[PDB]
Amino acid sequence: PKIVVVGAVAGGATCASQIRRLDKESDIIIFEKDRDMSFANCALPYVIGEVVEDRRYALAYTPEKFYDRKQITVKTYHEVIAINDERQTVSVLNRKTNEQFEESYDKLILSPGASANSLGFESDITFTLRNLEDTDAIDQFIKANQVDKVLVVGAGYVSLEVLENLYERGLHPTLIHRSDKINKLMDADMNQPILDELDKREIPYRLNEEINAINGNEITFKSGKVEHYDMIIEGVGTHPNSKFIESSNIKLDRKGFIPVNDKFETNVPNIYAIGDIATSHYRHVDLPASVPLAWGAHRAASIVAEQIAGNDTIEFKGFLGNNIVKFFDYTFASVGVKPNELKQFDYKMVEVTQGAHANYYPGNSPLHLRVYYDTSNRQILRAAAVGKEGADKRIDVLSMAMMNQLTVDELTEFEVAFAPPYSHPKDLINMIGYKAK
């Protein structure tokens, strides 16, 4: 079938590539409104930090290379401006010529993702981060203005990564956030080490703080404070890229996202939606879920490829919401329902704090593992881990446990890989099980 994809990055380029694996005959075209396809979204903070020097690392493909290797046509600087779903075409604006045309499809795959929110100030020193163009712009501005003092707005995991990278690059960031709910996917009390790490490096932060006014480099804050900053990076949330979809028959939710079934189909025949734009449900509980992360974009890309060109009995089973961020010396990982969603269950909490590995083995550090379970059926609802070592390992194991609706009690049976550098004969995970009675 003739395949049209909207968006040429984590969901879109991946999905097109996965289709080509199964189908070498069908014509596949991707439209991308911006300059670059297949940029490494998750690499961008590290590019800013000069942790990733080789820009070859930030871009996986050019349209020419993508066609040479995969025979997939990608048109950059081409923005889909409408979906004419009944005639099965899309309206495309060629941004270089400002001329529009229609492209027909047999199957349409929407992976337009999300755009950065802006505070809306009239300021030449303020930047958001979403693609490689933005990264280039930030880097250029730092060099052109010899930026030192930088205001980082927002305490979400990406903004935190940006802050760390600015610090390591040698700049002097200050963090502000409009509330005290930093790194919001993690349990609030377990986020303390973020503040500790800031304090340790004398990186200033202010929570429940906001920009009031901007006058050149002079920033006035809600608190009444006035500070001079060379640059501002705003990480104040994102919004779905769905304005071009509203005139079509596709059903959007009140927030502008696209609900999909387990085949990643929209309500309209022959149109799929994947990635950040799509909403689904949890795997382990009967609740809606939105998990705008890379794993889900890649998984959906594969499922849609099977739907279109492979085994059409392959369907999504829902999200667990596994997520993770590194901040300086610490790892913060969680999986399952969000903190605010626990209230929809009758639940209990079990936790342990123990060395990541054998206490006598050097380089040890305390790992805090927390598990919530449903009192009606003993099933694990949520797990969270914070520490310098071992948090990703425990949370990945628990993700696998939840995938199978494992109970908290059965954690006593988990057979860990033990040698002194790695764990304990009764691992932290085992101890959760022993302590659950």
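One-based numbering along the sequence shown.
Trainee: Pick between 257-265 and 137-145: the one whose mean CA B-factor in the entry is higher.
Mentor: Higher mean C-alpha B-factor in the PDB entry: 137-145.
Trainee: Mean C-alpha B factor from the entry: is it higher for 212-220 or for 312-320?
Mentor: So the stretch with the higher mean C-alpha B-factor is 212-220.
Trainee: Go through 298, 177, 281, 228 one by one and give the residue whose Cα B-factor in the PDB entry is largest.
Mentor: It is 228.
Trainee: Which of these has the highest Cα B-factor in the record: 239, 172, 348, 338?
Mentor: In the PDB entry, the greatest C-alpha B-factor among 239, 172, 348, 338 is found at 172.
Trainee: Hey, what third does residue 25 fall into on Cα B-factor, ranked over its chain?
Mentor: For residue 25, whose C-alpha B-factor we compare with every modelled residue in the chain, the answer is the highest third.
Trainee: Comparing residue 386 with the other modelled residues of its chain, is its CA B-factor in the lowest, middle or highest third?
Mentor: Lowest third of the chain for residue 386's C-alpha B-factor.
Trainee: How does the C-alpha B factor of residue 72 compare with the rest of the chain: lowest, middle or highest third?
Mentor: According to the entry, residue 72 has a C-alpha B-factor in the chain's highest third.
Trainee: Ranking every modelled residue in this chain by its Cα temperature factor as given in the entry, which third contains residue 34?
Mentor: It falls in the middle third of the chain.
Trainee: For residue 393, does the deposited CA B-factor place it in the lowest, middle or highest third of the chain?
Mentor: For residue 393, whose C-alpha B-factor we compare with every modelled residue in the chain, the answer is the lowest third.
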